[PDB]
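Architecture at a glance
Now for the letters of each chain:
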Amino acid sequence: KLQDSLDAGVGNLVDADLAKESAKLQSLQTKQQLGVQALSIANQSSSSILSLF
Amino acid sequence: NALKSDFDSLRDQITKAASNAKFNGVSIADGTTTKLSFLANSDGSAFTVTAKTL
């Protein structure tokens, strides 16, 4: 019983709550996708000046 | 005499079982310390828990 309680204690100290991690992963993939879109929009900013000259 | 030897082995088992109950070097039922404190909020208030020696 003591080994069971101690293993349960170390597991409470270390184990991640995966249900939170799944939502964190979903939000982070959506964030990375919007960030690549914003990066492309930043890359296109300099093109317009060719019309000036 | 047999019942007394049983009683003595029983009280010895209580002593050992009470002594070995620790976590990461700290115990509350051991009687080594009167109380344990644990963080309760951002500014450092503690959740006091008093010891109960066994």
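Residues numbered from 1 in each chain as written, not as in the entry; some residues may be left out. Chains lettered and ligands numbered in written order. Part of a larger assembly, values for the part shown. Heavy atoms only, no water.

Its PDB header names cryo-EM as the technique used to obtain the model and reports a resolution of 2.76 Å.

Let's shift gears to the overall build of chain B. Helix and strand content of chain B: one helix and two strands. Secondary structure elements of chain B, listed N to C terminal, follow the sequence α-β-β. Relative to the globule expectation of 10 Å for 54 residues, the C-alpha radius of gyration of chain B, 17 Å, shows a markedly less compact shape. With the principal axes as the frame, chain B shows a C-alpha extent of 60 × 20 × 10 Å. Burial statistics for chain B: of 54 residues in total, 9% are counted as buried. For chain B, contacts bridging at least 24 residues in sequence account for 13% of all contacts bridging at least 6. As presented, chain B carries roughly 4,600 Å² of accessible surface, and 59% of it is formed by carbon and sulfur atoms. (Helix = DSSP H or I, 4+ residues; strand = E, 2+ residues; numbered from the N terminus. Rg over C-alpha atoms; globule rule 2.2 N^0.38 Å. Buried < 20%, exposed > 50% of the residue type's maximum accessible area, 1.4 Å probe, protein only. Contact = heavy atoms within 4.5 Å. Areas by Shrake-Rupley, 256 points an atom, 1.4 Å probe, with all protein chains shown as cover.)

This paragraph deals with the pattern of salt bridges. All names here are of chain B. Within this structure, the stated rule accounts for two salt bridges over all chains. Measuring nitrogen to oxygen at the nearest pair gives 2.9 Å for the salt bridge that ties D8 to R11. With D8 and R11 both in helix α1 (residues 2–19), this residue pair falls three residues apart, about one helical turn. The exposure class of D8 is partly exposed, given its relative accessible area of 27%. (Salt bridge = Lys/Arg side-chain N within 4 Å of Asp/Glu carboxyl O.)

The subject of this paragraph is a nonpolar patch on the surface. A cluster of nonpolar side chains, contributed by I28, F38, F47 and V49 of chain B, occupies part of the molecular surface with about 380 Å² of accessible area. Structurally, the position occupied by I28 of chain B is in the loop between α1 and β1 (35–36). (Patch = residues over 30% accessible without salt bridge, like charges linked within 9 Å, V, L, I, M, F, W, Y side chains within 5 Å.)

Residue and element names in this part refer to chain B. Mapped onto the fold, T53 is located in the segment after β2 (49–50). Its relative accessible area of 59% is what places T53 among the exposed residues. Spatially, the C-alpha atom of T53 lies 8.8 Å from that of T34, the residues being 19 residues apart in sequence. Once you skip the residues sitting within four places of it in the chain, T53 turns out to touch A29, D30 and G31.

This next bit is on the side chain of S27 of chain B. Residues and elements named next belong to chain B. Among the secondary structure elements, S27 is positioned in the loop between α1 and β1. Looking at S27, its side chain comes within polar contact range of the main-chain oxygen of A21, at 2.6 Å. A polar atom in the side chain of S27 sits 3.3 Å from the backbone nitrogen of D30. With sequence-adjacent residues up to four places away left out, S27 is seen in contact with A21, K22 and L36. (Polar contact = N/O pair within 3.5 Å; in protein donor to acceptor, adjacent residues only side chain to side chain.)

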